[PDB]
Every structure is written in C-alpha cells, then in structure tokens.
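Undergrad: The structure follows.
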Amino acid sequence: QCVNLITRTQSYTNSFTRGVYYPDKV
Amino acid sequence: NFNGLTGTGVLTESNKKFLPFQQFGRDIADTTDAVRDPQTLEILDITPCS
C-alpha cells in the first residue's frame, strides 16, 4: 500500500555552523 | 610507493598515531611527512636521508 505522504516546509528552520567533513585522508 | 605515493626517504617509527580513516600526513609545505604501512597498520615517518 502506497497512498500516504505527509511533509511540511518553511524554507528555513535553523542556520548554524555544521556539516563540515574531512575533505581527504591526509 | 605506498598506494601510489611515490617518493624517497628514510622510514622510521613514530608516536604520531593517525586516525583510523587517515592514510598519510603532510606538513605546512604540502610535503608528505608520514605514511601508514598497508600490510601492518603502523605510522612511519618520511624524512630525507642526508
């Protein structure tokens, strides 16, 4: 059964300094 | 030629234990300073002989 789908958006919920990863194995 | 890292230098053991995902290290001059042995995981420094 595939009939259900729910979502909401506001174009912004938070804005902080995150999402920094190691660019290489150096 | 560790994993394609071609160079020349003296290998020696050091206490600079890398992270489990890191393979080799570099200095402020973008020069390779140490690398791990892919057979037995140990950090070996890379320094010019003389």
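Undergrad: Residues that are more than 14 Å from A:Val26 (Cβ to Cβ): list the strands (runs of 3 or more DSSP E) wholly contained in chain B that include at least 2 such residues.
TA: B:10-13, B:43-47
Undergrad: Here's a follow-up. Which pairs do you get when a residue that is within 14 Å of chain B (Cβ to nearest Cβ), found in chain A, comes within reach of a residue that is hydrophobic (A, V, I, L, M, F, W, C), reach meaning Cβ atoms under 7 angstrom, with the pair 6+ apart or on two chains?
TA: Sorted first by the residue in chain A, then by its partner, the pairs are A:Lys25/B:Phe21; A:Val26/B:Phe24.
Undergrad: Exactly one of (1) under 26 Å from A:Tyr21 (Cβ atoms); (2) out of contact with any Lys or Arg (no Cβ under 9 Å at 6 or more places or on another chain); (3) polar (S, T, N, Q) is unmet by B:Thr47. Its number?
TA: (1)
Undergrad: Tell me yes or no: at least one residue of segment B:34-48 is within 13 Å of chain A (Cβ to nearest Cβ), over 10 Å from the mean Cα position of the chain (by Cα) and surrounded by 10 or more Cβ atoms within 10 Å (Cβ to Cβ).
TA: Among the residues of segment B:34-48, not one is within 13 Å of chain A (Cβ to nearest Cβ), over 10 Å from the mean Cα position of the chain (by Cα) and surrounded by 10 or more Cβ atoms within 10 Å (Cβ to Cβ), which makes the answer no.
Undergrad: I would also like to ask the following. Is it the case that some residue within segment B:14-27 is surrounded by 11 or more Cβ atoms within 10 Å (Cβ to Cβ), among the polar types (S, T, N, Q) and away from chain A (no Cβ under 14 Å)?
TA: Yes, segment B:14-27 contains at least one residue that is surrounded by 11 or more Cβ atoms within 10 Å (Cβ to Cβ), among the polar types (S, T, N, Q) and away from chain A (no Cβ under 14 Å).
Read the figures in this text as sums done on the coordinates, not as results from a lab. When we count neighbours, we look across all protein chains shown, and the Cβ atoms used for this are built from the backbone with ideal geometry, even at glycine.
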